[PDB]
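Here are the chains, one letter per residue:
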Amino acid sequence: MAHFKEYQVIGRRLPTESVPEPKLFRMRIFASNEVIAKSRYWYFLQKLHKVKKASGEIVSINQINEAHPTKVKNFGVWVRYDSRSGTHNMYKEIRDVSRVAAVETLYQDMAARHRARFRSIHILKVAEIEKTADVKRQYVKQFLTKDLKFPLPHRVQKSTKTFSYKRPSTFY
Amino acid sequence: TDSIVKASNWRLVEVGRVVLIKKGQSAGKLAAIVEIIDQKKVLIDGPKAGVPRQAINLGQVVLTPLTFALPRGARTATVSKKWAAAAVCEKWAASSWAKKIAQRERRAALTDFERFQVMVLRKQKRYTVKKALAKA
Amino acid sequence: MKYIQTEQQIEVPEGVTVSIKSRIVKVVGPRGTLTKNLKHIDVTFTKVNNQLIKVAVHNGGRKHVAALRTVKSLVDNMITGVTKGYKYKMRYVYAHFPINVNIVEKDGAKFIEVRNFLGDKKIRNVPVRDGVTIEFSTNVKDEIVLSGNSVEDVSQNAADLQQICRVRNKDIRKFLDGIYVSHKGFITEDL
Amino acid sequence: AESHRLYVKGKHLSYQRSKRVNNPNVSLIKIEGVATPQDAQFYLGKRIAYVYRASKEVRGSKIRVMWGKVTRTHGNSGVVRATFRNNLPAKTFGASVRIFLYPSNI
Amino acid sequence: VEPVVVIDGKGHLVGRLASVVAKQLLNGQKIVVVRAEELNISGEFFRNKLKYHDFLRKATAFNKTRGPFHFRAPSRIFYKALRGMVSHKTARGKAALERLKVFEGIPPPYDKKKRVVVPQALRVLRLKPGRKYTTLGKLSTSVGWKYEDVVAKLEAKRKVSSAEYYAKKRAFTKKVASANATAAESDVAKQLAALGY
Amino acid sequence: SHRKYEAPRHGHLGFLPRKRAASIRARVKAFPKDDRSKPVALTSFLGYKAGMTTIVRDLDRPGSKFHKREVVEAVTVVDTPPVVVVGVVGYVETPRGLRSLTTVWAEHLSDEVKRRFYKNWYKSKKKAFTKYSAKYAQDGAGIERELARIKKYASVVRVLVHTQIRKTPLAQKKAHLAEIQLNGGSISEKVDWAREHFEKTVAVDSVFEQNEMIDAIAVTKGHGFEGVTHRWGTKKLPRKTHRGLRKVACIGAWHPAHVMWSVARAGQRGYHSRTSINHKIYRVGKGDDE
RNA sequence: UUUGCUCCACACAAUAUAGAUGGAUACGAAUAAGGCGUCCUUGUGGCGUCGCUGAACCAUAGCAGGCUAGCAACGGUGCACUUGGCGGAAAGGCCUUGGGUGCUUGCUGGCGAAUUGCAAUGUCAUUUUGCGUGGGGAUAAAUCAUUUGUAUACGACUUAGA
RNA sequence: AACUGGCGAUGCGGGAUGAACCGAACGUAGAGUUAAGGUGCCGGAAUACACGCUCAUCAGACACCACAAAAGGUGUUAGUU
RNA sequence: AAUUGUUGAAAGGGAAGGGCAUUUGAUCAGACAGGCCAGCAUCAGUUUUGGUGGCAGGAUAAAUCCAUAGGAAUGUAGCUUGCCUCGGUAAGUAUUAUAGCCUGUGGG
Ligand SMILES: [Mg+2]
Ligand SMILES: [Mg+2]
Ligand SMILES: [Mg+2]
Ligand SMILES: [Mg+2]
Ligand SMILES: [Mg+2]
Ligand SMILES: [Mg+2]
Ligand SMILES: [Mg+2]
Ligand SMILES: [Mg+2]
Ligand SMILES: [Mg+2]
Ligand SMILES: [Mg+2]
Ligand SMILES: [Mg+2]
Ligand SMILES: [Mg+2]
Ligand SMILES: [Mg+2]
Ligand SMILES: [Mg+2]
Ligand SMILES: [Mg+2]
Ligand SMILES: [Mg+2]
Ligand SMILES: [Mg+2]
Ligand SMILES: [Mg+2]
Ligand SMILES: [Mg+2]
Ligand SMILES: [Mg+2]
Ligand SMILES: [Mg+2]
Ligand SMILES: [Mg+2]
Ligand SMILES: [Mg+2]
Ligand SMILES: [Mg+2]
Ligand SMILES: [Mg+2]
Ligand SMILES: [Mg+2]
Ligand SMILES: [Mg+2]
Ligand SMILES: [Mg+2]
Ligand SMILES: [Mg+2]
Ligand SMILES: [Mg+2]
Ligand SMILES: [Mg+2]
Ligand SMILES: [Mg+2]
Ligand SMILES: [Mg+2]
Ligand SMILES: [Mg+2]
Ligand SMILES: [Mg+2]
Ligand SMILES: [Mg+2]
Ligand SMILES: [Mg+2]
Ligand SMILES: [Mg+2]
Ligand SMILES: [Mg+2]
Ligand SMILES: [Mg+2]
Ligand SMILES: [Mg+2]
Ligand SMILES: [Mg+2]
Ligand SMILES: [Mg+2]
Ligand SMILES: [Mg+2]
Ligand SMILES: [Mg+2]
Ligand SMILES: [Mg+2]
Ligand SMILES: [Mg+2]
Ligand SMILES: [Mg+2]
Ligand SMILES: [Mg+2]
Ligand SMILES: [Mg+2]
Ligand SMILES: [Mg+2]
Ligand SMILES: [Mg+2]
Ligand SMILES: [Mg+2]
Ligand SMILES: [Mg+2]
Ligand SMILES: [Mg+2]
Ligand SMILES: [Mg+2]
Ligand SMILES: [Mg+2]
Ligand SMILES: [Mg+2]
Ligand SMILES: [Mg+2]
Ligand SMILES: [Mg+2]
Ligand SMILES: [Mg+2]
Ligand SMILES: [Mg+2]
Ligand SMILES: [Mg+2]
Ligand SMILES: [Mg+2]
Ligand SMILES: [Mg+2]
Ligand SMILES: [Mg+2]
Ligand SMILES: [Mg+2]
Ligand SMILES: [Mg+2]
Ligand SMILES: [Mg+2]
Ligand SMILES: [Mg+2]
Ligand SMILES: [Mg+2]
Ligand SMILES: [Mg+2]
Ligand SMILES: [Mg+2]
Ligand SMILES: [Mg+2]
Ligand SMILES: [Mg+2]
Ligand SMILES: [Mg+2]
Ligand SMILES: [Mg+2]
Ligand SMILES: [Mg+2]
Ligand SMILES: [Mg+2]
Ligand SMILES: [Mg+2]
Ligand SMILES: [Mg+2]
Ligand SMILES: [Mg+2]
């Protein structure tokens, strides 16, 4: 949807005479700005409680900065998505350095692999994976072997002028 | 008669691999690969160079042939301490790569007169060498 | 899903020296020398010790990694093909007309001249591939034997003969005539 | 000595245009060795000259010049728009043009 | 930037070379392309052979003369790719095309001239490794181009006379490199060292 | 719609345009593949069609109902007095095809060939080749270099020869001149051969022997403007038809809305170049021979 | 038919120009590899080194580059000559010998520059043709008409004619 | 047939092309900024950046729009139990 | 007037003619004696593109950094064991030791 921020959002059915101080419910929402994030908040709240923006009220809307933004983390991600033929539940695993960075690339993968646009996707849970060997998918497990190294063959260097008088070399 | 099988010895993505940034507010600065995120992202940190610890796409950086003993995941202070230890900056500064860089930085900073001064010197150097290229 | 590194081992015997610049392989052992071009295939060879060589694929998909093993195999068969060598035995079969095979030569050629196939008046010829020797086995009836260092040159010179004797316009389950490969193996015995 | 050039070499690319309508009032100039917008903001305001020859002598010369000025940058590749006392003649598309160093500011 | 730009066609992807050659033309830049027969095309040989036959079947029904014209030679194949990217029925288009010459092999003049290469059309830099491609001289030969053997013959000879050229040249730069060494450490030298030279 | 009854087209499309040929002497568009192991001689000869006659012979065809029996067969007779060699021409291979780089000529040129280079012999000063003839005067110098260039280069060697047309009943004087590829060993031998034969003469038997299969290459007799019926062998339209019946009724369908190339129209018939092959030589007569 | 034609030279004139303005600066090949230097056992060799762009390399100071003196070098470069050699893919260009001559900013001197007035491309490229001058060289043909008939609606084709 | 908006009566930018779609409604002009739609070359405008996917011996390529289905695949990709 | 001849000028690769614009050629008005045009400077209106300074919010950013307690493994030192060209490997113990990392709390 853009580059993502993560918000804590809090709202509560409008106070009534006979029921003042209603319950307060929170969601963590991944959106690109605070306006979309409250649109989203209300989107899901109406999928659980009887409320709608018209009869409720946001109480607090707060960015949640990554606690350890240079600590490489193995994330497990849980997602609901509709495909063309129907609607399904997935679990993927993203190895990035901050929840917000990873939710970003999830959305890329869903779009690339399963053609799911943003509207069709429900993040259900994103959480850090504490022990290794709770990592399931192998496209992550690769990157947790000990003393790991790898080269980057066939190096291509972006030419700056239209012509060239050498003849390139993909060496690295 | 032994076997004799080529080589192809690549620079590697690995912890403690020093890496020349090429685009950003760092760009032209060295830095080291702390941990390793995936096939295309890495975690770099170059506290000596002033470049901040970050996750960087490997496309915006170029692997140098320098390496040093660095524990995977090592924080910035640890990085600063191991870097100085291996004496990275001298190791790089003295290399034909980093000298060629400084050499063109200089030719860019030449004043119009200094540029005129280079011409006469080359005139002088050429006179004696074109001579020597005729006596042996 | 792009596997980061996978390699295979190419074991090397005492009587052989393989040499690989770019991906042009040359193996020389007792039986002689074989060379094979691998430029089409994008793998990384790495010596470890005159009895061991490795081939690797970095960041490769299925279709690529799946081509890694078959590079090993190919170089293996070059190695064995030059120590032991290869020997393919085929045995004529016919239901009434004796298939009549010989080795004819027009212009230093060496051919495999099959006559009377299914009683044909036609004279079939298969060319003898350089690197393969054809002996007609003594002590066994209607046998032919192709031997050489190149598996691929023998198995083919083999197969080109069996196919020159395909049976047209008859029920090929009843009319089993032909020449068929009956045993594929090495040249040096015990092994 | 051998060189005397006090200008930067140039090329008359197109008029300013849409897909299907051009505007002869603005030429688009390609300045040799200027490759980004940031590079080409140096040349903004420099005077341009398109020198050309003719058969009729005039003020005692057979050489004539249409004068202009770089006025703004164009796109991302250091192309530059410019206007002239009289629009450039559309045959000049691909001709050489002279971008001078004045009004300087060094 | 230079009066003429000689492009060694070898190793470039047709439409990408055609595309930069086209623009260069229209911007006033004279260009000759050499070694058009060592040009490349993405996709394997058979696809591009078929593709060529599709092109080959179009012609003016009532008179196969007036209809489209199917040139076989790798240069002309290339020219077609190239003319397709120029407003070639305008005067300006004909203007620009005259600034262009395509050649099989490297004939006189341009064999002594240095030829350059176009990184953004270089196949070895462009095509994903593992992709299949096509050589233009092979393609051209399968569709009636006559002269693939004569060109390779003349080229092999030309490469022989050029390997000598290089060899003599590398021998002489060894003197110059040795001369410049004794002049190093001198006063001129460390002064120029200072000024970046 | 669809024909009605299918039937094959009239005429062969690989002979268009059915126009007049550019010259009486049809061109040899091809010469035999060269075998540089044999002696060198000509690969084609020049003659004049004289007439036809009948021949009787025993046929030797084991299996045919006419084995060992007499047949009568028709044969043409070509008048064939020795061609006289007067030049060699060397060709080099180029990526744009075969190019001729030089031609060395004999020093002495018959008025027959010299006539060929003129349109008005009688009035002309006949200075043709006279300055070339000088080139021999000096030692030889320049003729050698050219002859030497030809050996140095040239993938192909051909010989300019011309006919002794005055040894022929014709009224026509102006002789015929033509290149003939030489197919014997070694480039250098071929030019050596031709230089040796300048002004000298060459005979038919040294090209053709008995029972050899040779091809003929001439210009079909001409008939001028020709209707569609005889020219293309089109059906005559019925008798009842208005405005003529040696026509083609339907010139074409409505679309493509043009008459097409593949449709027989009237036009020139004859004076076409033809390369006829596989004509066996039954007799190589010698003139000095009652 | 009014001294015509051609190649070299200069002179004046015209007429051009898809667009000079320091230099188109020559291996080949590979790219999951190579260039260069070096050593050897001359190899699919040992060792070293380089790349990460031509941001190079070469040239570049002097009335658009004037007039002049000297030194140190024996080098460089322009020009016309001459020795030997190479190049046919469109070679029409490349290399080498020897003297003659100009320049040299390698370094050190004498003189000059203004008033083009505070900018006005400020004119220095190369196209073709034309007219006389004189230093070499050369002295035809085709067409109408006539004629053949291997050709032809007419043109055209193919013949013949001191 | 219904409600609105349009074309008809209407040019201008886009959709190559096109009455009705998208954008936007017109006095004569200058400077600027945009819409819809674009920016390899034709063609003004990043052979821009980023993560995936796809190799098709009839690949695919942007609304209206110039068509394709049931059913299959041990091609490859991520998923579910 | 259509249309035609001559002369002069000019253009013409499957029509011609038209719009905006400019080169070139031809042609002509007016104005100078403040007329035509420019250049720079200081301003005014509109606008475009840079450099740089002072501040406000947030978990009074989150981090890094330092201090502290705890912890584990893609286990660093040591130790043990087993081969193994005199140590190097491998598999065991082993949580800071001859690397370090993670987590919480506190400070600026
Ligand atoms: Mg929402
Ligand atoms: Mg809802
Ligand atoms: Mg949903
Ligand atoms: Mg780029
Ligand atoms: Mg190497
Ligand atoms: Mg510089
Ligand atoms: Mg059957
Ligand atoms: Mg049957
Ligand atoms: Mg244009
Ligand atoms: Mg524009
Ligand atoms: Mg104007
Ligand atoms: Mg134009
Ligand atoms: Mg143009
Ligand atoms: Mg131009
Ligand atoms: Mg057509
Ligand atoms: Mg085209
Ligand atoms: Mg043009
Ligand atoms: Mg590539
Ligand atoms: Mg039918
Ligand atoms: Mg019937
Ligand atoms: Mg032919
Ligand atoms: Mg021929
Ligand atoms: Mg019979
Ligand atoms: Mg000649
Ligand atoms: Mg006549
Ligand atoms: Mg007739
Ligand atoms: Mg008749
Ligand atoms: Mg007939
Ligand atoms: Mg009737
Ligand atoms: Mg009929
Ligand atoms: Mg027709
Ligand atoms: Mg022009
Ligand atoms: Mg070369
Ligand atoms: Mg070499
Ligand atoms: Mg090397
Ligand atoms: Mg070497
Ligand atoms: Mg030796
Ligand atoms: Mg060697
Ligand atoms: Mg080596
Ligand atoms: Mg260089
Ligand atoms: Mg001077
Ligand atoms: Mg002086
Ligand atoms: Mg002296
Ligand atoms: Mg001197
Ligand atoms: Mg030639
Ligand atoms: Mg040429
Ligand atoms: Mg020549
Ligand atoms: Mg001199
Ligand atoms: Mg000078
Ligand atoms: Mg001047
Ligand atoms: Mg004269
Ligand atoms: Mg007379
Ligand atoms: Mg509407
Ligand atoms: Mg209405
Ligand atoms: Mg209306
Ligand atoms: Mg409207
Ligand atoms: Mg429009
Ligand atoms: Mg639109
Ligand atoms: Mg459309
Ligand atoms: Mg829209
Ligand atoms: Mg709408
Ligand atoms: Mg086009
Ligand atoms: Mg553009
Ligand atoms: Mg950009
Ligand atoms: Mg298709
Ligand atoms: Mg099909
Ligand atoms: Mg079909
Ligand atoms: Mg296609
Ligand atoms: Mg749709
Ligand atoms: Mg389906
Ligand atoms: Mg599937
Ligand atoms: Mg499911
Ligand atoms: Mg036409
Ligand atoms: Mg006008
Ligand atoms: Mg007055
Ligand atoms: Mg006034
Ligand atoms: Mg003015
Ligand atoms: Mg202002
Ligand atoms: Mg600020
Ligand atoms: Mg603060
Ligand atoms: Mg503690
Ligand atoms: Mg460590």
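Residues numbered from 1 in each chain as written, not as in the entry; some residues may be left out. Chains lettered and ligands numbered in written order. Part of a larger assembly, values for the part shown. Heavy atoms only, no water. Residues with missing side-chain atoms left out of burial classes, pairs and counts.

Method of determination for the deposited model, per the PDB record: X-ray crystallography, at 3.2500 Å resolution.

Residue and element names in this part refer to chain F. It is at 8 Å that the axes of helix α3 (residues 141-152) and helix α4 (residues 187-196) come closest, and there the two elements cross at 150 degrees. Comparing the axis directions of α3 and α4 gives the class roughly antiparallel. As α3 packs across α4, the resulting crossing turns out to be right-handed. Every residue of α4 that contacts α3 at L147, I150 and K151 is listed here: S188, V191, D192 and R195. Taken together, the residues of the contact of α3 with α4 sort by class into three nonpolar, one polar and three charged. (Axes fitted to C-alpha atoms, helices over the stretch in contact; angles between N-to-C directions. Helix = DSSP H or I, 4+ residues; strand = E, 2+ residues; numbered from the N terminus. Parallel < 35°, antiparallel > 145°, perpendicular 65-115°, else oblique. Left-handed = near helix turned anticlockwise from the far one by under 90°. Contact = heavy atoms within 4.5 Å. Nonpolar A, V, L, I, M, F, W, Y, C, P; charged D, E, K, R; others polar.)

Cis peptide bonds are those with omega within 30 degrees of zero, and the linkage from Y102 of chain D to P103 of chain D qualifies with 0 degrees. Here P103 of chain D shows up in the segment after β6 (96-99). The amide bond that connects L16 of chain F to the next residue, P17 of chain F, takes the cis arrangement and shows omega of -15 degrees. Residue position: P17 of chain F is located in the segment before β1 (48-58). Positive phi is not limited to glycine here, since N116 of chain C has a value of about 65 degrees. Mapped onto the secondary structure, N116 of chain C falls in the loop between β9 (111-115) and β10 (123-127). The class of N116 of chain C is partly exposed, set by a relative accessible area of 27%. At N211 of chain F, a residue that is not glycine, the phi angle is positive and equals roughly 65 degrees. Mapped onto the secondary structure, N211 of chain F falls in the loop between β7 (201-202) and β8 (213-219). (Buried < 20%, exposed > 50% of the residue type's maximum accessible area, 1.4 Å probe, protein only.)

Tallying the contact residues gives nine residues for chain B and 15 residues for chain C. Here chain B packs against chain C, burying approximately 1000 Å² in sum over the two surfaces, 51% of which is carbon and sulfur. The largest share of the area that chain B buries against chain C comes from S3, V5 and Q39 of chain B, three residues that together contribute 53% of it. Linking chain B with chain C are zero salt bridges, by the criterion used here. In this structure, the connection of chain B to chain C is made through five residue pairs in polar contact. Taken together, the residues of the side of chain B that touches chain C break down into four nonpolar, three polar and two charged. (Buried area = accessible area lost by both parts, 1.4 Å probe. Salt bridge = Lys/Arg side-chain N within 4 Å of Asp/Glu carboxyl O. Polar contact = N/O pair within 3.5 Å; in protein donor to acceptor, adjacent residues only side chain to side chain.)

Let us look at helix α3 (residues 74-83) of chain E. Residues and elements named next belong to chain E. Within α3, the full set of buried residues consists of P74, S75, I77, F78, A81 and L82. Down the axis of α3, the buried set is contained in an arc of 160 degrees. They therefore lie on one face. Contacts from the buried residues of α3 go to α1 (14-26), β2 (30-34), α2 (45-57), β4 (100-102) and α6 (136-141). (Arc of directions from axis to C-beta.)

Strand pairing in a sheet is mediated by backbone hydrogen bonds. Such pairs are either parallel or antiparallel. All names here are of chain E. With respect to topology, three strands assemble into an open sheet ordered β1-β2-β4, the strand pairing being parallel. One side of each edge strand has no neighbouring strand; the edge strands of this open sheet are β1 (4-8) and β4. Mean inter-strand twist for the sheet, computed between neighbouring axes without regard to direction, equals 15 degrees. As defined by bridge partners, β2 adjoins β4 across three bridges and the pair is classed as parallel. The residue bridging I31 from the neighbouring strand is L100, located in β4. (Pairing = 2+ DSSP bridges.)

Glancing now at the interface of chain A and chain B. The accessible area lost on association of the parts is a frequent measure of interface size. The partner chain B presents 19 residues to the 15 residues of chain A that form the contact. Taking both partners together, chain A and chain B bury about 1800 Å²; carbon and sulfur atoms supply 63% of that area. Looking only at chain A, the three residues that lose the most surface to chain B are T70, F150 and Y172 of chain A, adding up to 37% of its buried area. On inspection of chain A and its partner chain B, the count reaches two salt bridges. Across the salt bridge formed by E14 of chain B and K149 of chain A, the nearest N and O atoms sit 3.6 Å from each other. At the junction of chain A with chain B, the criterion picks out six residue pairs in polar contact.

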